[PDB]
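K.L.:
Here it is: the structure, laid out below.
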Amino acid sequence: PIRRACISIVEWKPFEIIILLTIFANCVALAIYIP
């Protein structure tokens, strides 16, 4: 349908970059945490 076609194009170059940046932010947030 239209939704599948419009969502199939939402993956391109900056998407991977922002995903990796979010992963790094999660890693540093876990590192900051102190038990």
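Just so we're on the same page: first chain in the structure tokens is A, next is B, and so on; residues restart at 1 for each chain, and ligands are numbered from 1 in the order they show up.
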Chain A: which residues are helix (DSSP H, G or I) by DSSP, as number ranges by chain?

P.N.:
A: 2-8, 13-32

K.L.:
Expressed in Å to a single decimal, how great is the separation between CA of residue 12 in chain A and CA of residue 29 in chain A?

P.N.:
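Going from CA of residue 12 in chain A over to CA of residue 29 in chain A, I get 26.4 Å.
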
K.L.:
Just the number, please: distance in Å from CA of residue 28 in chain A to CA of residue 14 in chain A, one decimal.

P.N.:
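These two atoms are separated by 20.9 Å.
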
K.L.:
Between CA of residue 11 in chain A and CA of residue 30 in chain A, what distance in Å does the model show, to one decimal?

P.N.:
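Going from CA of residue 11 in chain A over to CA of residue 30 in chain A covers 27.0 Å.
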